[PDB]
Amino acid sequence: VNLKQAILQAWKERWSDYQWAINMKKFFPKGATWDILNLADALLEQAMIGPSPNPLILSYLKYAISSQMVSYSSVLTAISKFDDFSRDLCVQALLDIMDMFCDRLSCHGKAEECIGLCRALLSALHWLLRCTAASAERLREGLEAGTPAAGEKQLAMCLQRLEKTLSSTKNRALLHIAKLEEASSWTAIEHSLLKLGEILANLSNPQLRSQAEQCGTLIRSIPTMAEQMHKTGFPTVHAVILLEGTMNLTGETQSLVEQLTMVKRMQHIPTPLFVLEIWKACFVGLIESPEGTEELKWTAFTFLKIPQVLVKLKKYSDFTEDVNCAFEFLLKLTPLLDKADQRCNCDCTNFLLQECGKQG
Amino acid sequence: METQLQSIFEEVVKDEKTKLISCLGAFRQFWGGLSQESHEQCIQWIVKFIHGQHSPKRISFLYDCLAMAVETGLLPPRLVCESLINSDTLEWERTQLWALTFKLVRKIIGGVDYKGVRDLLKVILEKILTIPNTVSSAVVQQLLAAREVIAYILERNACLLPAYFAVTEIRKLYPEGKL
Amino acid sequence: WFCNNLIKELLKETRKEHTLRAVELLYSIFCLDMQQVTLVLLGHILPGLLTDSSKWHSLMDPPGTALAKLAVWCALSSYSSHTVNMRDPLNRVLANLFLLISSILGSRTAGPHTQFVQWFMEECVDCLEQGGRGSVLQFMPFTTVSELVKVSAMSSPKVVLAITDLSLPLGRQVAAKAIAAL
Amino acid sequence: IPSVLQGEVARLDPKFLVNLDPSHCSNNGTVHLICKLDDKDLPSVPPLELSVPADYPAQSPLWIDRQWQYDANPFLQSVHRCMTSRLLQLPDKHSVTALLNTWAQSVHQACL
Amino acid sequence: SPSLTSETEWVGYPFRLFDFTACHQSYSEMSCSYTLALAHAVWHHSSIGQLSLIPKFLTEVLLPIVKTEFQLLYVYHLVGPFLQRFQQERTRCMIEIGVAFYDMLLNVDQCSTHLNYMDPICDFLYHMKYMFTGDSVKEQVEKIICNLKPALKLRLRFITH
């Protein structure tokens, strides 16, 4: 209304960006407060009305965005409430709007509406995917009728996302922190994505399909939450098993399974090396053992108990292939295995192999 | 020599990039007329004046001009970097000179010969040594610009210098048994 | 006495490989009475090191990252084994540890203590699992220094909600105001 | 808070409403500032983020340059040109009042 | 041998298992480590003339065999610590062994897909250059560096230029 009427006072009074600012300051006094919903809304539809967005009215919006004037959030919500029924280039105009803004989302200030900001970013992601779907339908009906010209241009708009902060606990983690109150919106990211499953694989554009699958995996990287060339070997698992053999043999399998999972997680031990170290520690404790009544302890440990631990570990995770790789590592240690054969008086790995095979 | 150089100084004391291209035009004439052997004291006095200005913005745009002077090949990289990180004015106390200096060395160090990278790494490590083991919570982030130049020299994907030279200098300045 | 005279040995090693091997082994030499070892290590030794101004020189980078890893591993293993009942000693000592983390992060002086505390935070983020949901036992007046680990970030975003007490009403606001900066 | 900056902030002109940055901890030696122009005559522009070298006075308060602020539009880029030039001219002893006054003159001269 | 030619995926970090000082105090030795151990004592106690057989042994009967990366690392671990002995008495065998080392790197590059441990290899080569050989192997190594994969040339650039 009256606030809308000022935009009319600039309908074709191409006053300017700056004189627009000063006019707004005069007309609606900023004494108490503003930007509740005023500027973004009052500007949007009076710009996008009809086929082409009014270049000057859109220009003042570009301005108010650039000068940190409106919200950085109410703008997102205003674009979110846009209803792609405009099959024309106007969507490209709103993309040009999002251009300079989306890469940097300060929202610093009162900052309580920052949860509002992630709410808005979620609604804007919904709007982005909806525009993607409309532009893909245009792609399809154009493959029927007209060669595409600007259909995939909103893919670069999604590439405006996919940066950390754009999808970090700004978007992702606060996406779920927001579904705590807007679970319907988590179902919304799932739901738009369901129809995305329909409208994705049909397209015949290879590079664009690959980028779209990348964005779709980064959406599937909303569950998001190193050191591949682990060189030095893993000595803590060695010492953990060795301690569980020396001090506390009768301790329940569950306790040792708990301790061993923890260490694997904390230190990111590849599962082939885990079992290698367990079996190496058992043998070393057996070889360097007292003569008479402690040797039975190491052998009972090595041959009966560690197998049940590895069974419980299999339960707590291709583990067969994994223990196979571990045993392949182990067999390629002739000194330790031959000392074991010497001390135990029998082939200490033939037996261990048959015993490990007897379990799962 | 000294007179026209002092005159350029009074000018830079007396559209910003346009003023800077004017200063580069002023530099190019003196350089085309500068001797080939007195380059070193020339740059020494240049940077000496650069560090005199106590204004972060003034040293900022003077450093930007120096970056153009070294980027457009008018100025040799080795001499300018050695002079920058070889001065008596460069002290960790004046945090702004430090931050801007090492942000400049980061940019212009790409391109020094490998011998010069050795010498520069030696002198930069010697410079970080002067920094004590307790600094104000504010300076830390700016002081850490030295970590940037050290990291760029060391990173093997940059291959600025023979890695073995880097380890040789680092070990000479940090023998076995000293953190 | 045990934890003190073993960490004093860890802190004298100058080479990276040896300090890492040292902490890997100390974690298992410590599994003997892991709970009490955690209590004493965290409570009496890490504050003693972080509040001396002369033990600060020992927390330098080759031995300090190792001690940080060991502390995070100890904290996770003591909690993961068998509102939150602040009568449990482990909970009280964890609360005190993170309070000191806060005071050190937001203090006028910066030095190796700040780097060690940042390293402890980084490691607690790295090996963060489902057990220690809220950066395990970040106290309620905490998450107020998530802002400080942002201002002194030296660390990627999205690790801070991993820090942050997610799935909470006030958690929403704190995490949002936080990531707004980084 | 250095309590000299407190004075200069107290005695300013009303149009230059200045608060301290929510980001950072102003506690340590230098307090950051987030000052946002007002004044009915002017055109609202982007805020100017200040930083005071607590050794100040005799220490110029830094400015934080960013095209992320001004790139879009002509009025903003003109503002930036005028601002950087006039600030470069400002002599060697800047006080926060000098920065903010210069900024006001820059906005005004860009309104031309 | 299977331990280094084909079944290289099962021996772990090469620089680890090719040490027998460690990898023994923890019973993780292999036969290759033993042989490299007895080949450092035999060569430590040998005279200069007896080691003069090492340069020939490197080219006539070792250069054709070595193809994989671990084989190259093994040959380096053997003949490396004795450049210090070759240099002081017999200055030519050092030149021959350097020419052999670079040639072996060419072979290992011209037969494998990715030289996984490029950094330690290039490190040892630069160490050789700067400490023992100096500027007396340029002509023979120029041709060899010219024909390496671009990643290796990028690092070994400073050897000659």
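Looking up chain D in the PDB entry gives the name Mediator of RNA polymerase II transcription subunit 15, with the organism given as Homo sapiens. Per the header of the deposited record, the title is "Structure of the human Mediator-bound transcription pre-initiation complex".

The PDB entry lists chain C under the name Mediator of RNA polymerase II transcription subunit 24, from Homo sapiens.

J.: In this structure, what is going on with the overall build of chain D? I would like to understand it.
T.: Across its full length, chain D carries three helices and four strands. Put simply, chain D runs from its N terminus to its C terminus through helices and strands in the order α-β-β-β-β-α-α. Expected size for 112 residues packed as a compact globule is a radius of gyration near 13 Å; at 14 Å, chain D falls within 12% of this value. With respect to the three principal axes, the spread of C-alpha positions in chain D is 40 × 25 × 25 Å. Sequence-distant contacts, at least 24 apart, represent 46% of the contacts inside chain D between residues at least 6 apart. The positive charge centre, built from 8 side chains, and the negative charge centre, built from 11, are 4 Å apart in chain D.

J.: Teacher, can you tell me more about the overall build of chain C here?
T.: A count of helices and strands for chain C gives nine helices and one strand. The order of helices and strands in chain C, counted from the N terminus, is α-α-α-α-α-β-α-α-α-α. Relative to the 2.2 N^0.38 estimate, which gives 16 Å for 182 residues, the radius of gyration of chain C is 16 Å and therefore close to what a compact globule would have. Considering only C-alpha atoms, chain C reaches an extent of 45 × 35 × 25 Å along its principal axes.

J.: Hey, could you run me through the packing of aromatic side chains in this one?
T.: Each aromatic ring pair is characterised by the separation of its centres together with the angle its planes make. Inspection of every chain in the model, using the stated rule, returns 28 aromatic pairs over all chains. Look at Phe 16 of chain D and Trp 103 of chain D: their rings are 6.3 Å apart centre to centre, the planes differ by 40 degrees, and that puts the pair in the tilted class. With a gap of 87 residues between them, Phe 16 of chain D in the loop between α1 (5-10) and β1 (18-20) and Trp 103 of chain D in helix α3 (residues 96-111) connect regions that are remote in the sequence. You can call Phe 16 of chain D buried: its relative accessible area is 4%. For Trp 103 of chain D, a relative accessible area of 0% corresponds to the buried category. Above the face of the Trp 186 of chain A ring, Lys 179 of chain A is positioned so that its terminal group lies 3.5 Å from the ring centre. The ring of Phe 274 of chain A has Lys 264 of chain A sitting right over it, with the charged end atom 5.8 Å from the ring centre.

J.: Before we go on, may I ask you to explain the arrangement of the chains in this structure?
T.: Once contacts are tallied for each of the seven pairs of chains in contact, the highest total is for chains A and C. Without any contact between them, chain A and chain B keep their closest C-alpha atoms 17 Å apart. Regarding chain D and chain E, the two do not touch, and the least distance separating their C-alpha atoms is 37 Å.

J.: How should I be thinking about the pairing of strand β2 (residues 32-35) of chain D in this particular structure?
T.: Every other side chain in a regular strand lies on the same face of the sheet, so the side chains alternate between the two faces. All names here are of chain D. By the alternation rule, side chains of β2 split into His 32 and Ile 34 and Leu 33 and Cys 35, which are all buried. Pairing of β1 with β2 involves three bridges; the strand directions are antiparallel. Opposite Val 18, over in β2, you have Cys 35 as the bridge partner. Bridge count for β2 against strand β3 (residues 48-51) is four bridges, and the pairing is antiparallel. Its bridge partner lying in β3, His 32 is registered against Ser 51.

J.: Looking at this structure, how should I read helix α9 (residues 169-179) of chain C?
T.: Residue pairs three or four apart in sequence face the same way in an α-helix, which turns once every 3.6 residues. Among all positions of α9 of chain C, only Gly 171, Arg 172, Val 174, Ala 175, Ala 176, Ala 178 and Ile 179 of chain C are buried. Contacts from the buried residues of α9 of chain C go to α7 (114-144), α9 (164-167) and α10 (172-200) of chain A together with α7 (146-151) and α8 (159-163) of chain C.

J.: Mind showing me how you'd approach the pairing of β3 of chain D here?
T.: All names here are of chain D. Every second residue of β3 is oriented toward a common face, with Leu 48 and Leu 50 on one face and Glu 49 and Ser 51 on the other, all of them buried. Taken together, the two bridges between β3 and strand β4 (residues 62-63) define a ladder with antiparallel strand orientation. By the bridge assignment for β4, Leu 50 is matched with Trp 63.

J.: Got a minute to help me understand the sheet that holds β4 of chain D in this structure?
T.: Two modes of strand pairing occur in sheets, parallel and antiparallel, and in both the strands are linked by backbone hydrogen bonds. Strands sit in the order β1-β2-β3-β4 (chain D) across an open sheet of four strands; the sheet is antiparallel. Across the chains shown, the open sheet's two edge strands, defined by having one partner strand only, are β1 and β4 of chain D.

J.: Teacher, can you tell me more about the packing of helix α5 (residues 77-84) of chain B against helix α6 (residues 95-108) of chain B here?
T.: Helix-helix packing: each pair is described by the crossing angle between the helix axes and the interaxial distance. All names here are of chain B. Two elements in contact, α5 and α6, have axes separated by 10 Å at closest approach and are oriented at 160 degrees. By the angle between their axes, α5 is roughly antiparallel relative to α6. When the axes of α5 and α6 are compared, the crossing they make is left-handed. Within the contact between the two elements, α5 uses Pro 77, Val 80, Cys 81 and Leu 84 and α6 uses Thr 101, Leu 104 and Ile 108. The residue makeup of the contact of α5 with α6, split by class, is six nonpolar, one polar and no charged.

J.: Sorry, what's going on with unusual backbone geometry here?
T.: Residue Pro 57 of chain D is bonded to the preceding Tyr 56 of chain D through a cis peptide linkage, with omega at 5 degrees. Within the element layout of this structure, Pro 57 of chain D appears in the loop between β3 and β4. Of note in this structure, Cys 107 of chain A is not a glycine but carries a positive phi near 60 degrees. Within the secondary structure, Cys 107 of chain A is located in the loop between α6 (90-102) and α7. Owing to a relative accessible area of 7%, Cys 107 of chain A belongs among the buried residues under this scheme.

J.: Would you mind going over the interface of chain C and chain A with me for this structure?
T.: Reports of interface size often rely on the accessible area that becomes lost once the parts have come together. In this assembly, 29 residues from chain C lie in contact with 33 residues from chain A. Buried area between chain C and chain A, summed over both chains or domains, comes out near 2700 Å², and the portion from carbon and sulfur atoms is 73%. Considering only the surface of chain C that becomes buried against chain A, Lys 158, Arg 172 and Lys 177 of chain C emerge as the three largest contributors, covering 23% of it. Here chain C and chain A share one salt bridge between them. We note a salt bridge from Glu 181 of chain A to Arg 172 of chain C, for which the minimum N-O separation is 3.4 Å. Within the residue set of the side of chain C that touches chain A, elements represented by two or more residues are α2 (16-29), α4 (61-80), α8 and α9 of chain C. Considering every element that reaches the side of chain C that touches chain A, the biggest residue donor is α9 of chain C, with six residues. When its residues are assigned to classes, the side of chain C that touches chain A shows 17 nonpolar, six polar and six charged.

J.: Please explain the environment of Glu 227 of chain A as it appears in this structure.
T.: Residue and element names in this part refer to chain A. In this fold, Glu 227 is placed in the loop between α11 (206-219) and α12 (235-246). Once the C-alpha coordinates of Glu 227 and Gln 267 are considered, the two residues, 40 residues apart in sequence, prove to be 9.7 Å apart. Within polar-contact distance, the side chain of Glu 227 engages the backbone nitrogen of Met 229 at 3.5 Å.

J.: Got a minute to help me understand the side chain of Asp 21 of chain D in this structure?
T.: Mapped onto the secondary structure, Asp 21 of chain D falls in the loop between β1 and β2. Buried and without a salt bridge, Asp 21 of chain D has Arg 66 of chain D as its closest oppositely charged side chain, separated by 8.5 Å. Engagement of the side chain of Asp 21 of chain D in a polar contact is seen with the backbone nitrogen of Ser 23 of chain D, the distance being 2.9 Å. Excluding residues that lie within four positions of it along the chain, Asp 21 of chain D makes contacts with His 108 of chain A together with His 32, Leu 33 and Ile 34 of chain D.

J.: It is not clear to me how the nonpolar core should be interpreted in this structure. Could you clarify?
T.: The nonpolar side chains of a soluble globular protein tend to be buried, and buried together. Counting residues in each nonpolar core, the largest one holds 116 residues, and the members touching the most others are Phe 102 of chain B together with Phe 101, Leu 105, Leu 125 and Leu 156 of chain E. Not counting the four nearest positions on each side in its chain, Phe 101 of chain E is found in contact with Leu 58, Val 75, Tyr 76, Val 79, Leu 83, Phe 124 and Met 128 of chain E. If you look at the next biggest cluster of nonpolar residues, it comprises 103 residues, including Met 266 and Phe 329 of chain A together with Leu 94 and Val 145 of chain C.

J.: Which parts of the structure should I look at to understand the pattern of salt bridges?
T.: Any two side chains of opposite charge can pair, given that their charged atoms come close. Applying the stated rule across the entire model yields 26 salt bridges over all chains. Residues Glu 355 of chain A and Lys 358 of chain A are paired through a salt bridge, measuring 3.4 Å at the closest nitrogen-oxygen approach. You can see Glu 355 of chain A and its partner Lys 358 of chain A sitting in helix α18 (residues 348-358), three residues apart, about one turn around the helix. A relative accessible area of 14% places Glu 355 of chain A in the buried class. A relative accessible area of 62% means that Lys 358 of chain A is categorised as exposed. One salt bridge connects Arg 66 of chain D with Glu 49 of chain D, and the closest N-O pair in it is separated by 3.4 Å. Linking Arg 66 of chain D in the loop between β4 and α2 (74-89) with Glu 49 of chain D in strand β3, this pair joins segments that are 17 residues apart in sequence. A relative accessible area of 17% places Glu 49 of chain D in the buried class. Put simply, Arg 156 of chain B together with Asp 119, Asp 123 and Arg 155 of chain E are held in one network by salt bridges that share partners.

Definitions and cut-offs
Residues numbered from 1 in each chain as written, not as in the entry; some residues may be left out. Chains lettered and ligands numbered in written order. Part of a larger assembly, values for the part shown. Heavy atoms only, no water. Residues with missing side-chain atoms left out of burial classes, pairs and counts. Helix = DSSP H or I, 4+ residues; strand = E, 2+ residues; numbered from the N terminus. Rg over C-alpha atoms; globule rule 2.2 N^0.38 Å. Contact = heavy atoms within 4.5 Å. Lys, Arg positive; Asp, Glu negative; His and termini not counted. Charge placed at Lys NZ, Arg CZ, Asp CG, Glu CD. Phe/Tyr/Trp six-rings, centres within 6.5 Å; stacked < 30°, edge-to-face > 60°. Buried < 20%, exposed > 50% of the residue type's maximum accessible area, 1.4 Å probe, protein only. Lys NZ or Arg CZ within 6 Å of the ring centre and 35° of its normal. Pairing = 2+ DSSP bridges. Axes fitted to C-alpha atoms, helices over the stretch in contact; angles between N-to-C directions. Parallel < 35°, antiparallel > 145°, perpendicular 65-115°, else oblique. Left-handed = near helix turned anticlockwise from the far one by under 90°. Nonpolar A, V, L, I, M, F, W, Y, C, P; charged D, E, K, R; others polar. Buried area = accessible area lost by both parts, 1.4 Å probe. Salt bridge = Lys/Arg side-chain N within 4 Å of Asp/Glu carboxyl O. Polar contact = N/O pair within 3.5 Å; in protein donor to acceptor, adjacent residues only side chain to side chain. Core = buried A, V, L, I, M, F, W, Y, C linked by side-chain atoms within 4.5 Å.

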